[PDB]
Amino acid sequence: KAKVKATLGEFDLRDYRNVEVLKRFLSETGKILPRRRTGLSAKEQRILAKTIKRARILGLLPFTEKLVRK
Amino acid sequence: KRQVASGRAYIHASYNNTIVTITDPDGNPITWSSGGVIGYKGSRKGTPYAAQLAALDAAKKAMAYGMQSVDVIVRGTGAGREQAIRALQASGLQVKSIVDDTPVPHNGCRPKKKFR
Amino acid sequence: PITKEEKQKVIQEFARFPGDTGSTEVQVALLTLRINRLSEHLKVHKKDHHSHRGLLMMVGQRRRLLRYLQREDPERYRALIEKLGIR
Amino acid sequence: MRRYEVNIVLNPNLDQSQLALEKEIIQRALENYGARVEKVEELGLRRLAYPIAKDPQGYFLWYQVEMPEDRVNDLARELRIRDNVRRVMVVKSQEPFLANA
RNA sequence: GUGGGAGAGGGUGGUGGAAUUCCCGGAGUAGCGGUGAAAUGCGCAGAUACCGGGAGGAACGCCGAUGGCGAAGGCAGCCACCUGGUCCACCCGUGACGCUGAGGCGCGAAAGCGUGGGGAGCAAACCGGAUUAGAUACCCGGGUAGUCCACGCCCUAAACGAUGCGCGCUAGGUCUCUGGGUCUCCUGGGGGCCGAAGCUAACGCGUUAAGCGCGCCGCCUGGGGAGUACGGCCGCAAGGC
Ligand SMILES: [Mg+2]
Ligand SMILES: [Mg+2]
Ligand SMILES: [Mg+2]
Ligand SMILES: [Mg+2]
Ligand SMILES: [Mg+2]
Ligand SMILES: [Mg+2]
Ligand SMILES: [Mg+2]
Ligand SMILES: [Mg+2]
Ligand SMILES: [Mg+2]
Ligand SMILES: [Mg+2]
Ligand SMILES: [Mg+2]
Ligand SMILES: [Mg+2]
Ligand SMILES: [Mg+2]
Ligand SMILES: [Mg+2]
Ligand SMILES: [Mg+2]
Ligand SMILES: [Mg+2]
Ligand SMILES: [Mg+2]
Ligand SMILES: [Mg+2]
Ligand SMILES: [Mg+2]
Ligand SMILES: [Mg+2]
Ligand SMILES: [Mg+2]
Ligand SMILES: [Mg+2]
Ligand SMILES: [Mg+2]
Ligand SMILES: [Mg+2]
Ligand SMILES: [Mg+2]
Ligand SMILES: [Mg+2]
Ligand SMILES: [Mg+2]
Ligand SMILES: [Mg+2]
Ligand SMILES: [Mg+2]
Ligand SMILES: [Mg+2]
Ligand SMILES: [Mg+2]
Ligand SMILES: [Mg+2]
Ligand SMILES: [Mg+2]
Ligand SMILES: [Mg+2]
Ligand SMILES: [Mg+2]
Ligand SMILES: [Mg+2]
Ligand SMILES: [Mg+2]
Ligand SMILES: [Mg+2]
Ligand SMILES: [Mg+2]
Ligand SMILES: [Mg+2]
Ligand SMILES: [Mg+2]
Ligand SMILES: [Mg+2]
Ligand SMILES: [Mg+2]
Ligand SMILES: [Mg+2]
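Now for a description of the structure that goes with this document.

Points about the interface of chain D and chain A
Item 1. Contacts between the two partners involve 23 residues from chain D and, on the opposite side, 23 residues from chain A.
Item 2. Counting the surface lost from both chain D and chain A, the interface buries some 2,000 Å², and carbon and sulfur atoms represent 57% of this.
Item 3. Counting across the interface, chain D meets chain A through one salt bridge.
Item 4. The closest approach of N and O atoms between D:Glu41 and A:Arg17, which form a salt bridge, is 2.6 Å.
Item 5. At the junction of chain D and chain A, the tally comes to eleven residue pairs in polar contact.
Item 6. Contributions of two or more residues to the side of chain D that touches chain A are made by strand 1 (2-10), strand 2 (36-52), strand 3 (55-67) and strand 4 (85-92) of chain D.
Item 7. Classifying every residue of the side of chain D that touches chain A gives 15 nonpolar, three polar and five charged.

Quick look at the structure:
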């Protein structure tokens, strides 16, 4: 299982209104994925965070979800 | 006296004790059980075995109401919450699904000295 | 903030010859603009201390250029003082 | 005057008259606060991630604007006054930082 | 000066979700809680567990780092406004305008003080419970000041890199944050780890010196007595220098 960045086109890292993309940086739970998974860079990740959070405020993205099985 | 037959089973398990509650699909209780509900009194209520028996009790009391299938919601980390799962599966109640709901704060409240 | 036209109009105003950006006159002027604004923002926001340190620093810088300019050409000093409203 | 994006999320259960009224009152808000409008993107019904005002969904508007500096905050206030407007987020515009490029 | 950046740097206002407590309603019984084991405690005036609704205060999970910013103390949800510092490129302007700094003035964690507010969780003092030679203590149940906000004081600390500031000079290697470039890489600014020469009582330091040098400030001169006494200055007090 490789990085999220690895499979995707050129995408605005700043767009909080685009869920079809941003969804892919969250885990099963609402959590924002670690760099190891996101495949982003320092600056990159740092921007993605803010973007996601903005989106969550708007209710387009989960603050948290519930874990299935386990 | 109800006739539910499909519903929700919540397992709330702490290090001290394990309690099970079986409810109707919109969340209202049907029956419940726990370590103290069966024999045990002290620390004995936290053992995996007590969890087993509490799950089993709850399931018996459920199949009296007519419960057939159940969606499981697990909350907490405790000795044999997984035992309450394992018990609740072989109970004869067919389990539809299992979810871990353990509530977690986004860091609101100062915890007790034993928790820092 | 201080936008570009705002700043420029000040440099135009205080430049010795055309094109002069960094002379003593202009440095003092620009500095002074910054100081004034900062003092306005510290009239309310009395609790913003870090900005205030900034003020002390700018104030000091200005006094340095002034002491110099006055040392080298007292006339230009009195001129600059009169124009700006300092001391 | 700077460049902003006004995000308005309002209640999905509105019919014509209602929607057009909230929308026109928003228009009036911007006109009163000196906010010129450039682009307007109305996305409408979307399924929210968590229920907002007990509603499973929301209705979305996105405006791009240019407005004076000190008036933005007060603008947001007079937007949120409306009972049927659930959430407002006004955001300074930014250039499109890309990635995987 | 111009053109670019990155940033929990600061101030103000607004807003978002998780959680805890409490209140309301439903459904539901016999316990819950808690420990090494227990008891106090709460539960039949219906608790715990579960669902819906409301109120309030405080703090911001993931991102998060061995990361970033700040002179230090210190700074972490999101948004807007007000604002400080700083890095780079271009080589455009001024023309030694520099460094340091006794005194002064300002900032200064936590606790603490004054006058108002606020008070969910935590909790000095205190009130209880079991441990068990013994409880003023480690464990358990409560709980007040305080913790939070405004304004005004206090001025301490392992306020630590236990390393004053500035400049020049003296091998490299490696990881990293942030710019620029003709982006096998090179170049500038930060953060780390190994190491040349050198230094060091040793441990260690080693282009982020504890090396080689210059400038300026602070400070030291065996232990105990003692950061005590006396005096002075500051403080409402505690108490500080
Ligand atoms: Mg127990
Ligand atoms: Mg079965
Ligand atoms: Mg307590
Ligand atoms: Mg610039
Ligand atoms: Mg900040
Ligand atoms: Mg702030
Ligand atoms: Mg109730
Ligand atoms: Mg009893
Ligand atoms: Mg009783
Ligand atoms: Mg509630
Ligand atoms: Mg209350
Ligand atoms: Mg972490
Ligand atoms: Mg750090
Ligand atoms: Mg520190
Ligand atoms: Mg700035
Ligand atoms: Mg030149
Ligand atoms: Mg010349
Ligand atoms: Mg002296
Ligand atoms: Mg001094
Ligand atoms: Mg203090
Ligand atoms: Mg304090
Ligand atoms: Mg007292
Ligand atoms: Mg007080
Ligand atoms: Mg009081
Ligand atoms: Mg005793
Ligand atoms: Mg206690
Ligand atoms: Mg230290
Ligand atoms: Mg020295
Ligand atoms: Mg290095
Ligand atoms: Mg580089
Ligand atoms: Mg590059
Ligand atoms: Mg380096
Ligand atoms: Mg070494
Ligand atoms: Mg050697
Ligand atoms: Mg030496
Ligand atoms: Mg040696
Ligand atoms: Mg050695
Ligand atoms: Mg040196
Ligand atoms: Mg030495
Ligand atoms: Mg002596
Ligand atoms: Mg003393
Ligand atoms: Mg005395
Ligand atoms: Mg006196
Ligand atoms: Mg003392």
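Concerning the interface of chain A and chain B
Item 1. Taken together, the contact between chain A and chain B spans five residues of the former and six residues of the latter.
Item 2. It is A:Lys66, A:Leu67 and A:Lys70 in chain A that bury the most area against chain B; as a group they hold 67% of the surface buried on that side.
Item 3. Viewed at the interface, chain B and chain A are joined by one salt bridge.
Item 4. The closest approach of N and O atoms between A:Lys66 and B:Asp101, which form a salt bridge, is 3.5 Å.
Item 5. Across the chain A-chain B interface, the total number found is three residue pairs in polar contact.
Item 6. A per-class count over the side of chain A that touches chain B returns two nonpolar, no polar and three charged.
Item 7. Sheet topology places strand 1 (residues 67-68) of chain A next to strand 5 (residues 94-100) of chain B; two bridges connect them, and they run antiparallel. Across the sheet, A:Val68 pairs through a bridge with B:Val99, a residue of strand 5 of chain B.

A word on the packing of helix 1 (residues 16-32) of chain D against helix 2 (residues 71-80) of chain D
All names here are of chain D.
Item 1. Packing of helix 1 against helix 2 brings their axes to within 10 Å, and their N-to-C directions diverge by 160°. Put simply, helix 1 runs roughly antiparallel to helix 2. Between helix 1 and helix 2 lies a crossing of right-handed hand. Residue-level inspection shows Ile26, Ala29, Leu30 and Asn32 of helix 1 in contact with helix 2, the latter providing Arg71, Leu75 and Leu79.
Item 2. A per-class count over the contact of helix 1 with helix 2 returns five nonpolar, one polar and one charged.

Regarding the arrangement of the chains
Item 1. Considering every one of the three pairs of chains in contact, the largest contact total is recorded for chains A and D.
Item 2. What separates chain A from chain C at the closest point of their C-alpha atoms is a distance of 25 Å, and the two make no contact.
Item 3. Contact between chain B and chain C is absent, and the least distance between their C-alpha atoms amounts to 27 Å.

Re the side chain of B:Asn17
Residues and elements named next belong to chain B.
Item 1. Residue position: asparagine 17 is located in the loop between strand 1 (6-13) and strand 2 (18-23).
Item 2. Classification of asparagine 17 as buried rests on a relative accessible area of 16%.
Item 3. In this structure the side chain of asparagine 17 is engaged in a polar contact, spanning 3.4 Å, whose partner is the backbone nitrogen of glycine 35.
Item 4. Those residues in contact with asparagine 17 that sit more than four places away from it in its chain are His12, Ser34, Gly35, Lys45 and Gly46.

Some words on the sheet that holds strand 4 of chain D
Item 1. The sheet built from four strands is open, its strands ordered 2-3-1-4 (chain D) with antiparallel pairing. Two strands close off the open sheet at either side, each with one partner strand: strand 2 and strand 4 of chain D. On average, each strand axis in the sheet is inclined to that of its neighbour by 20°, with strand direction left out of account.
Item 2. Here strand 2 of chain D runs beside strand 3 of chain D; their pairing, made up of ten bridges, is antiparallel. Within the sheet, the bridge partner assigned to D:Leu45 lies in strand 3 of chain D and is D:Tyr59.
Item 3. Relative to strand 4 of chain D, helix 3 (residues 42-57) of chain A is tilted by about 155°, and along the sheet it contacts strand 2 and strand 4 of chain D.

Brief notes about the side chain of B:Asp100
Residues and elements named next belong to chain B.
Item 1. The residue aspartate 100 is located in strand 5 in this model.
Item 2. A distance of 3.4 Å separates polar atoms of two side chains, one belonging to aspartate 100 and the other to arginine 81.
Item 3. Side chain to side chain, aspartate 100 and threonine 102 meet in a polar contact 2.9 Å long.

Considerations on the sheet that holds strand 1 of chain B
Item 1. With mixed pairing, the six strands of this open sheet are ordered in space as 1(A)-5(B)-4(B)-1(B)-2(B)-3(B). The open sheet is flanked by strand 1 of chain A together with strand 3 (29-34) of chain B, the only strands paired with a single partner.
Item 2. Where strand 1 of chain B meets strand 4 (residues 69-75) of chain B, seven bridges bridge the pair, whose relative direction is parallel. The partner of B:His12 across the bridge, within strand 4 of chain B, is B:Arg75.
Item 3. Taken strand by strand, helix 1 (residues 48-65) of chain B contacts strand 2 and strand 3 of chain B, and its axis lies near 155° from that of strand 3 of chain B.

Quick word on the packing of helix 2 (residues 24-43) of chain C against helix 3 (residues 49-72) of chain C
All names here are of chain C.
Item 1. Interaxial distance between helix 2 and helix 3 falls to 9 Å at its minimum, and their mutual angle equals 155°. If you check the angle between helix 2 and helix 3, you find them roughly antiparallel. Crossing angle aside, the handedness with which helix 2 passes helix 3 is left-handed. The residues of helix 3 that touch helix 2, namely those facing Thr24, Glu25, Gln27, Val28, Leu31, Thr32, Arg34, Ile35, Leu38, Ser39, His41 and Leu42, are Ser51, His52, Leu55, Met58, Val59, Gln61, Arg62, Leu65, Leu66, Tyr68 and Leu69.
Item 2. Looking at side-chain class alone, the contact of helix 2 with helix 3 contains twelve nonpolar, eight polar and three charged residues.

Each value, and the rule that gives it
- We count residues from 1 along each chain, following the written sequence rather than the entry's numbering, and we skip any residue without coordinates.
- Here every chain gets a letter starting at A, and every ligand a number starting at 1, in the order they are written.
- In this view the chains form part of a larger assembly, and all numbers refer to the visible part.
- Only hydrogens and water are removed before side-chain values are computed, so all heavy atoms of the structure are retained for them.
- Note on contacts: a residue pair qualifies if any of its non-hydrogen atoms lie within 4.5 Å across the two residues.
- Buried area: the sum, over both parts, of the accessible surface (1.4 Å probe) that disappears when the two are put together.
- By definition, a salt bridge exists where a carboxyl oxygen of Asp or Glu is found within 4 Å of a side-chain nitrogen of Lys or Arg.
- Any pair of N or O atoms that falls within 3.5 Å is considered a polar contact. Within protein, one atom must be able to donate a hydrogen and the other to accept it, and sequence-neighbouring residues count only if both atoms are side-chain atoms.
- Where helices and strands are cited, they refer to DSSP runs of H or I of at least four residues and of E of at least two residues respectively, numbered from the N terminus.
- Ten residues, namely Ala, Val, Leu, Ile, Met, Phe, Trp, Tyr, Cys and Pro, are considered nonpolar, four, namely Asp, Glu, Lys and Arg, are considered charged, and the remaining ones, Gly among them, are considered polar.
- Pairing between two strands is assigned when DSSP locates at least 2 bridges connecting them.
- To obtain an axis, a line is fitted to C-alpha atoms, over the contacting stretch when the element is a helix, and the angle between two such axes runs from 0 to 180 degrees between their N-to-C directions.
- Roughly parallel refers to an angle under 35 degrees, roughly antiparallel to one over 145, roughly perpendicular to one between 65 and 115, and oblique to any angle outside these ranges.
- Handedness of a helix crossing follows the sense of rotation of the near helix relative to the far helix, less than a right angle counterclockwise being left-handed and clockwise being right-handed.
- For each residue, the accessible area found with a 1.4 Å probe, counting protein chains only, is set against the maximum for its type, and the residue is called buried under 20%, exposed over 50%, and partly exposed in between.

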